[PDB]
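Each remark here refers to the structure printed beneath this line.
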Amino acid sequence: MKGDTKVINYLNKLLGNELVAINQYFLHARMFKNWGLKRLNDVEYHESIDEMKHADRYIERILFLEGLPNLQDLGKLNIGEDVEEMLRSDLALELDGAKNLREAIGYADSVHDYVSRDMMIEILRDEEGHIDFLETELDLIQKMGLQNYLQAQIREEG
Amino acid sequence: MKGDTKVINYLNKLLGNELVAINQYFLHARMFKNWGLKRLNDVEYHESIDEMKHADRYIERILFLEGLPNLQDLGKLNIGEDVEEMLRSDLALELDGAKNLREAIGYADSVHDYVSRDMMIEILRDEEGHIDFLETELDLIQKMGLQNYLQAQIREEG
Amino acid sequence: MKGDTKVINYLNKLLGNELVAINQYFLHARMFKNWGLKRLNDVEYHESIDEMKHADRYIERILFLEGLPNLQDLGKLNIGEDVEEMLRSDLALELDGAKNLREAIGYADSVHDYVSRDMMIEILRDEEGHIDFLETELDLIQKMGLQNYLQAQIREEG
Amino acid sequence: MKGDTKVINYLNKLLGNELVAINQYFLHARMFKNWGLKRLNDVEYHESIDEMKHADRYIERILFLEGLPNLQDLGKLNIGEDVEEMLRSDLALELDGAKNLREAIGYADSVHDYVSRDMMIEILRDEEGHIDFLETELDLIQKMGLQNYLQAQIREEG
Amino acid sequence: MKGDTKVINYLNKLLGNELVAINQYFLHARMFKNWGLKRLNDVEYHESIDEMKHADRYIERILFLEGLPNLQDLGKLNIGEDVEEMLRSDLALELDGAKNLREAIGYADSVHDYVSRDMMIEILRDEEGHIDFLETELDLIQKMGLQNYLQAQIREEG
Amino acid sequence: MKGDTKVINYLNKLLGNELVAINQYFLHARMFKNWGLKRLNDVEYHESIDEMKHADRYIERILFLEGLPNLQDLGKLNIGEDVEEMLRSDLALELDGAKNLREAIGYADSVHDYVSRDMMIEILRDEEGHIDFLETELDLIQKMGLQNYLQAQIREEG
Amino acid sequence: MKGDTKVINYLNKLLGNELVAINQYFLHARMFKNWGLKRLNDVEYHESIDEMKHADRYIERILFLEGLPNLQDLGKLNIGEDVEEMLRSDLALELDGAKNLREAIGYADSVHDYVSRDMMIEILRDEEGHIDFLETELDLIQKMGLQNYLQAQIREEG
Ligand code: HEM
Ligand code: HEM
Ligand code: HEM
Ligand SMILES: [Fe+2]
Ligand SMILES: [Fe+2]
Ligand SMILES: [Fe+2]
Ligand SMILES: [Fe+2]
Ligand SMILES: [Fe+2]
Ligand SMILES: [Fe+2]
Ligand SMILES: [Fe+2]
Ligand SMILES: [Fe+2]
Ligand SMILES: [Fe+2]
Ligand SMILES: [Fe+2]
Ligand SMILES: [Fe+2]
Ligand SMILES: [Fe+2]
Ligand SMILES: [Fe+2]
Ligand SMILES: [Fe+2]
């Protein structure tokens, strides 16, 4: 079914955001793993799979609307060298992605692409969950101190 | 069965205490949840359900004694902005409720409403359990320090 | 994540509606229970739990958006003294809450709070179900007469 | 296999009757459902599925005999506004369909289309069951009165 | 263990009340059974067993306290000839027994027979349940009318 | 609950589209079945049930909003005589229905009928799935040729 | 453990190859899915997961050897517009990656990084499997013709 062109560009831009998050979350996960911060590896990994699922949804949707999914262009990763910095970097990235999502959802509505919209509202809801997680971790770091926070990441949560 | 009027007023006043505790405990629970203090959310939540059960018992009793349960008037919530302050506020509230309970139990005895009394002694026993919990948490905060105490709330207790 | 201020006020106002319905439905339930109208106790009780779930969702959302959930202010209960009057009162309350919900959903859309909106559309759908139930019961009362209607509430529905 | 032409016209006319009954029974079912007459929704719904099965049989038979099933022409629905009127309308419709069935069965016999006949005798037997149901309900309405009859439809039959 | 004499007289008087209720409830049950009011037979029967359990408790207690249980004197039965009258008669009897129970509980307290008291408060709680049942049935009779009430007793409650 | 009048007209028009699709899909299914194209019978049949579910949802919604579901008027069926033509006809019909859906969804939003909207967005999502299926089949016919395509429909897909 | 620098550059270059293959295989998979070539979607998807596992292994190894995994630079995707072209493009990519792998394995040996080597020989073995698959499919296309080949991709392999 021939989709609206500008909807497809939004879908590709959103896809672009997910491709960045996939990589940044996966590296972060395995950095934590290497450092033995077992709990942060499990969570960041599971957020990486999340973004993968999101990318898949965009890709299928773009293809269905008869556009060309763009997996070639990869935006800026910002990795960071310590826990706080890296969590903070993931948070900034989610915030920028939520902004793009808000814009695309409004536009899909105005051209009547209600199913693209509905898929996007779902993804936003997942993002908003990732945002909540990061914000919470970052405040815990400050409330309990970095040393206690790190000790609390050594074992996986059952 | 037509109950003693003053017993019904006591039952409504006790109900009023429970309605306050229901709300204060539930908000507290979800504040802790938001902060990621998973363990305090589970406990405060389970104390909220507790007060709900208490309210239900009062409501059924009032109705049985042919009075009018009063769910319209809600006393002062005192929420607080940090863990200690909020736990302390729950403790003051339980202490005031135990006081009212002691008074009502004595009175139900003197007008021979032994089953109202028996229900109330049971509830008091549950309150006394909540009091124990709060007092213990508050002392732990001081003995181990706030930072260690907070770290200890991150995971739920199995 | 810092939410829009006016969205938070709407969320608190909606929360306020749920707190009223929680109490009015619960008292109604136990009044029916006392009268031995077993079936109406089961349904009204299950609608009380429903509103509780709604309140919880608002509370968590407000907290997530970094506002202060307001459980202190409780609007007017209208209890009533016989079945019809009480059902009718629940119906008026749902109708006013649906009105507030419609307004809040429109506003959340225009400030791009699509997830608050999505949660609210879900709640509205549940309300619309409660409305359907009350309207149906009220018509049954008239079609079959009060005496037959009452006899039909004595046993629980399997 | 090339069927007799007039048999195919009969099969299409019978199909036409079923298409009317499908719709009239389904709307009736959901009207009862809306009114909370749970038992009448279950029965009328199950009669709707019944007519659907009948339509399917005609369609397959017409196709097998190499004719063109006609699903385009839809006869007059007569919906009605209250229980009696609607049940009575379903009864008149079944009576007219049984008449057409009797005629078609005789004709299929005389051109030796014994399997079309055999399918039709089966369908007639089901119709005769629907007729029995409607007649019984309509007499119950008069014998026990409308109010008692309505109360008796509120719960589904196990 | 030698009990207080006046406690034993109270226990015998309470026992006397239970012996009356045992018989009155059992006859009532089987009257309802004979009339085909299956539901009232089940409930009144189960209240008869209840009073039997109460009698047993008094008997064991009196014996333990070294007194002589008195099963010889049987107070006035008031049977009645129709449903209302008979239910009303059971209600008056429970009311008189609750009065005696209230008096005995106060006295057991003042002579420090706390376990006799504790057993009696339990029994009172069961009586208060029987009172609730009778009051409810009697109001249902008036609210729905005798004819509808009777029809509602024909089948047992699952 | 009294719905917006124009929403009800949209719901009836959408219902009208579903009634057409129900019949066109069902005949198509049994045509394929007759031709021994087992796989296309299973898929088209399952799309017929799909439209039935959609019709049911509209009917219940219209009734809830207190309008009159219209099952009397049936739009133009376009059946076709060979596989391609028939698939193509189903595709044109879905495309026209999606158009009407897009329009109705926008309007329900502007009069605040958010639950009608939410139901409609769901249905659109199902339609968009049917569209995908038809488009894919039609391209497969061209890519692999009609003879190979037909052979591939002989067995059902596990 | 501080690894050899040039081994880390090889590991990053190999990682780079995997990141390209991940994306190219995933898009290819969902293109096939969209076209209804169910079997090629399953296989290409499962090769995408394969490359992901490979990337993960490189990432963990680089981190262990104390280098910086590079997920920022993405080489040229070559997508293609029809089955042959796309399969052929995957084949050229695997061939270039096998070449880089052969070179890296020899070098790891000469600096005594035997475990990096051992991981790489394993990955090469998987690549060599992908190469086999693509070569076989491409020959099948020629031996049986494109139309027959396409028909053979419609159903998934059990
Ligand atoms: C007003 C703020 C309240 C909130 C936010 C709230 C919330 C909740 C929640 C989330 C549940 C769990 C739902 C479930 O059982 O699956 C629950 C259960 C329950 N609530 Fe409330 N509630 C409130 C007030 C009340 C009031 C006024 C009553 C009346 C007495 C009440 C009585 C109950 C009872 C009896 C249960 C079931 C307990 C159980 O068996 O687990 N609640 N509530
Ligand atoms: C036009 C208004 C119609 C409505 C509202 C409607 C509705 C429904 C519904 C809700 C179901 C149950 C879905 C399920 O099986 O889970 C159903 C089943 C079915 N319908 Fe329809 N339908 C309609 C017309 C038709 C027509 C024209 C046919 C063609 C003969 C048909 C044939 C069938 C068949 C064969 C089943 C499955 C029966 C079974 O095995 O349970 N229906 N319908
Ligand atoms: C580029 C760096 C990537 C890495 C290191 C990576 C890694 C992984 C790993 C280790 C798994 C788990 C394997 C398993 O399921 O057993 C996985 C799963 C998956 N990946 Fe990736 N991946 C990457 C990129 C992508 C991309 C670009 C996509 C395309 C959308 C994608 C889509 C998926 C999907 C759909 C799953 C299965 C999710 C599930 O059902 O559990 N990934 N990935
Ligand atoms: Fe995402
Ligand atoms: Fe995210
Ligand atoms: Fe309490
Ligand atoms: Fe408490
Ligand atoms: Fe609600
Ligand atoms: Fe509600
Ligand atoms: Fe039929
Ligand atoms: Fe019929
Ligand atoms: Fe007793
Ligand atoms: Fe008793
Ligand atoms: Fe549909
Ligand atoms: Fe469709
Ligand atoms: Fe690989
Ligand atoms: Fe490979």
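The chains in the structure tokens are called A, B, ... from first to last as shown; in each chain the residues are counted from 1, and the ligands are counted from 1 in the order shown.
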Worksheet item: Given a cut-off of 12 Å, which residues of chain C touch chain B, counting only C-alpha atoms, written out as number ranges by chain?
Response: C: 1, 19-36, 45, 48-49, 52-53, 55-81
Discussion item. What residues of the protein or nucleic acid chains come within 6 Å of ligand 10 when you use only C-alpha atoms and all ligand atoms? Reply as a ChimeraX atom specification.
Written reply: /D:18,51,54,127
Write out, as a PDB file, in the first residue's frame, the residues just selected, with C-alpha atoms.
```
ATOM      1  CA  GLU D  18     -30.878 -17.644   5.281  1.00  0.00           C
ATOM      2  CA  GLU D  51     -28.323 -19.983   9.599  1.00  0.00           C
ATOM      3  CA  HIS D  54     -27.172 -23.326   6.328  1.00  0.00           C
ATOM      4  CA  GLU D 127     -35.820 -24.790  11.040  1.00  0.00           C
TER       5      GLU D 127
END
```
Practice prompt. Find the spatial neighbours of range 114-126 of chain C, counting only C-alpha atoms, within a cut-off of 8 Å - ignore same-chain residues fewer than 6 positions away - and output them as a list in words.
Written response: residues 102, 121, 124 and 125 of chain A; 54, 61, 98, 101, 104, 105 and 108 of chain C; 114, 115 and 118 of chain F
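CA of residue 131 in chain B is positioned 6.4 Å from CA of residue 94 in chain B.
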Practice prompt. Calculate how many Å separate atom 12 (C, counted along the ligand's line) of ligand 2 from CA of residue 2 in chain F, rounding to one decimal.
Written response: 27.6 Å
Worksheet item: What is the atom 28 (C, counted along the ligand's line) of ligand 1 to CA of residue 7 in chain C distance in Å?
Response: 26.7 Å
Tell me, as a PDB file with N, CA, C and O atoms, in the first residue's frame, which residues lie within 6 Å of residue 154 in chain D, counting only C-alpha atoms; anything in the same chain fewer than 3 positions away does not count.
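Result written to out.pdb:
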```pdb
ATOM      1  N   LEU D  37     -30.458  -9.051  28.667  1.00  0.00           N
ATOM      2  CA  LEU D  37     -31.245 -10.287  28.581  1.00  0.00           C
ATOM      3  C   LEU D  37     -30.319 -11.410  28.078  1.00  0.00           C
ATOM      4  O   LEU D  37     -30.452 -11.954  26.966  1.00  0.00           O
ATOM      5  N   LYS D  38     -29.351 -11.741  28.933  1.00  0.00           N
ATOM      6  CA  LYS D  38     -28.202 -12.571  28.592  1.00  0.00           C
ATOM      7  C   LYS D  38     -28.611 -13.885  27.893  1.00  0.00           C
ATOM      8  O   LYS D  38     -27.970 -14.355  26.950  1.00  0.00           O
ATOM      9  N   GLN D 151     -37.302 -11.188  33.702  1.00  0.00           N
ATOM     10  CA  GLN D 151     -36.380 -11.520  34.807  1.00  0.00           C
ATOM     11  C   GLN D 151     -35.685 -12.852  34.523  1.00  0.00           C
ATOM     12  O   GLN D 151     -34.509 -13.036  34.848  1.00  0.00           O
TER      13      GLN D 151
END
```
Item to complete: Run DSSP on the backbone and give me the residues of chain G it puts in alpha helix (DSSP H), as a count of residues only.
Response: 123
